[PDB]
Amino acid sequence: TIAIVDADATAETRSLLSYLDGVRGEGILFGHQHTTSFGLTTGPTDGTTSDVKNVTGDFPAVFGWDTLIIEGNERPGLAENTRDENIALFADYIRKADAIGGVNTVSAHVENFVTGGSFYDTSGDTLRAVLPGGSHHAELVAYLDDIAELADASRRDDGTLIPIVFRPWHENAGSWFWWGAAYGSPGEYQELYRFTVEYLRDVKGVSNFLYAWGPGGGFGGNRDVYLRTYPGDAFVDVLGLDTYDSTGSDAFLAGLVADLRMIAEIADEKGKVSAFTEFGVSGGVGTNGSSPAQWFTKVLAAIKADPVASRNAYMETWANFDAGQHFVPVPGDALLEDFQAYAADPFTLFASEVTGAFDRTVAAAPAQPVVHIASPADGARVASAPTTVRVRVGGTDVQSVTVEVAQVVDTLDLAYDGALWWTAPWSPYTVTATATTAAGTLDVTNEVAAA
């Protein structure tokens, strides 16, 4: 039996999670973003050819994708298409990847709902606007519905749902994305991530998703900084780390190993899976990138030389968009030889070396009882205006929920909305919710700031 975020996930999904954890320390799966949709040696793509396959002889073990496909911003998604047809093309590539024998993972560089800009547009205060009760919350819900559609469309010909590692709101420790650290307190981020899990799982019924959380990189092995944004054991299956470098220096490598063993330890302690969710040469390996000498093998060596840092299930590098920006070396790139050596190394696993990932029979541990206040989120700023307090109680039968605004200037009696939260209108420092449930009396406290 294993601790899995979706206690009622399909058998294949539970199996993948089991497989990923057992692979740790034994071998690491190599992954590549848009491996069959973007390539410099493949010619027009159709989801069946890859630069990785062409330069190493085998497809990557992990096929990474992104909701930008749905938006029609990245192939096979097309600008002219409706999100529904893009979704159809998206599922087709996942099915094909599954057929080839790889594991699928989906990240989400979500469009800025407020400005109409990209994921890089950090103006608009979009993170708070997208939180439950926010002005553009309905926009996020609709976006998540399309993802739920994608999850449902990802099925083998026999109808079996294809498992997918979903990794939303990544690299939030930095501020280059609108869901970054400068646009929302750690608490606001946690509610965004938590809502995303609950909405897809508890409201849409998605059951072939494994949830990954990777706040970024360069934590120097500091558990406290790494977990400051942590969504919680009940919301994460895979603990990630995103790190790029163009120096190849011993300092970089030392820092990397520190970070990699940190997540492996946290993972083992919690009985979860850890993985090098994103890695690569900064700026890529092409024209606008760099060619650190033997970067791939040096990084691999450092990883497998450490018994703890090697306990990570997979490592995915980025897409091969064009000559100026690509992460997997192709003929003409100085790092090609080194990358091929990295691929030939016994410790790195590719598609053909991944078998029986979805054939294991593991039981899902019962869902753990949790209670959290979706609004106002911890760390949020509350204006004098009228708001709604919403509390989420999952993994157990709830009879009642109460909230006390201390500083006890108020006491509210909530009512279930009949899908997700227990709410009550509130007209404005400490907000504590107490829910009388079958698992007993559960409470949680959020500290908010007044405007």
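In case it trips you up, residue 1 is the first one in the sequence shown, and so on.
Unmodelled stretch separating residue 428 from residue 429: 4 to 9 residues (count of deposited-sequence residues without coordinates). Gap between residue 384 and residue 385: none; every deposited residue in this span has coordinates.
Higher mean CA temperature factor, per the PDB entry, when comparing 346-354 with 180-188: 346-354. Stretches 103-111 and 80-88 differ in mean C-alpha B factor, with the higher average recorded for 80-88.
Of all the options 67, 50, 400, 56, the entry's greatest CA B-factor is assigned to 400. Out of 61, 40, 28, 419, it is 419 whose C-alpha atom has the highest B-factor in the PDB entry. In the PDB entry, residue 361 places in the highest third of its chain by CA B-factor. In the deposited entry, the Cα temperature factor of residue 132 sits in the middle third of values across the chain's modelled residues. Among the modelled residues of its chain, residue 33 has a C-alpha B-factor that falls in the lowest third according to the deposited record. When all modelled residues of the chain are sorted by CA temperature factor, residue 285 is found within the middle third. Sorting the modelled residues of the chain by their CA temperature factor places residue 249 in the highest third.
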